[PDB]
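The block underneath contains the structure these notes are about, expressed in structure tokens.
Chain naming follows the written order as A, B, C, D, E and F, and within any one chain the residues start at number 1.
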Amino acid sequence: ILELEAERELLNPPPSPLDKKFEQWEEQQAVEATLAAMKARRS
Amino acid sequence: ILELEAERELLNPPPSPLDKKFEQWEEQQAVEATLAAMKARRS
Amino acid sequence: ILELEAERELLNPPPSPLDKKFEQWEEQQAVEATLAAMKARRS
Amino acid sequence: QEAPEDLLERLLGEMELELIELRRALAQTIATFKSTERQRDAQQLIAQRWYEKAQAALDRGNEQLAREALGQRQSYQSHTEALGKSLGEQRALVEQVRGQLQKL
Amino acid sequence: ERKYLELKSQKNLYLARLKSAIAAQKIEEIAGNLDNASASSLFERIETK
Amino acid sequence: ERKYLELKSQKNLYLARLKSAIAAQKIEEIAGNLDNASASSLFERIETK
């Protein structure tokens, strides 16, 4: 199972430090989008 | 399919830069014809 | 294995001090390209 | 020899069997070129993603990610360039053979 | 793996180029019989007649 | 599961595209007999006559 599991992570896009940066980007992107949406209705 | 598709474009008249010139000619030809028709009824 | 491994490095382009210079070139090339790209959008 | 006129009709028919052989090989060479073009499109797209991962890094001043993304991009762009270099080479081959076939 | 796939790519391209060469080498046979034998040997025989 | 369903989606789309290709590959057979054989071989025979 340890070998079988390892075989998976190499053929698929492996986790990378950039992925978390993409996550905090996509997350922050929606945070910026969320706050942007809020002010749109206030105006 | 890539080879089959390529076989088609060589036996038929292939796309050429002149074709777009013919298009903007035939298109402009009708644009000139259209505006020519407009003034005909105005007169 | 020591002999087998050695056989590989002679037929292929062997590591050279110039390669690191090429690396810090290609790396610096992209660093210069990266900073060049940044100012392009600022302008 | 056989009836010379019979050979003329028979021979010219044989020659047709070859012109198609060149035609198929000529066309088949096209698939190799355009196939790499999609691969190059994927490679530049993968590079384009990487710059997009660097363009998102361009925003908010996350330069080191624009650095790593562009740094990895150059490897993919070098592959893209390598595919582009191969594509450029194939472009001349297909054109001259078409001129040859058109001439032939 | 990146190296192996590249070789497998140029091989089909290299195989494609030789297929045109295979068709290329043969047309020379056309000229010989259709020009030398036909247009210079059969041709001369009846033309001399 | 989200991955598997996506593959099953593009497959029917991919199968749809090749069905057009199956109909696409065949029309070339139309031109050959209806143009070369008919409009350049049957045609030339009677036209030469």
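General observations
Please note the rule applied: contacts are C-beta pairs under 8 Å (C-beta built on N, C-alpha and C of every residue); 3 or more make two chains touch, one makes a residue touch a chain.
Comparing the chain pairs A-D and D-E, the larger number of C-beta pairs in contact belongs to D-E.
Distance from the subunit B centre to the subunit C centre is 50 Å, each centre being the mean of its Cα atoms. Subunit C and subunit E have Cα centroids separated by 44 Å. Centre-to-centre separation between subunit C and subunit D, using Cα means, comes to 27 Å. With centres taken as mean Cα positions, subunit E sits 58 Å from subunit A.
For subunit B, the set of residues that touch two or more other chains comprises 7. Counting only pairs that meet the touch rule, the chains in contact are A-D, B-D, B-F, C-D, D-E.
Of all residues in subunit D, those touching subunit A in their complex are 53, 56-57, 60, 62, 65, 68-69.
Residues 1, 4-5, 7-8, 11 of subunit B touch subunit F in their complex. Residue ranges on subunit F touching subunit B, taken from their complex, read 18, 21, 24-25, 28, 31. Across the interface of their complex, subunit D is touched by residues 9-10, 12-13, 16-17, 19-20, 22-24, 26-27, 30, 33-34, 38, 42, 46 of subunit E. The touching residues of subunit D, counted against subunit B in their complex, run 27-28, 30-31, 34-35, 98.
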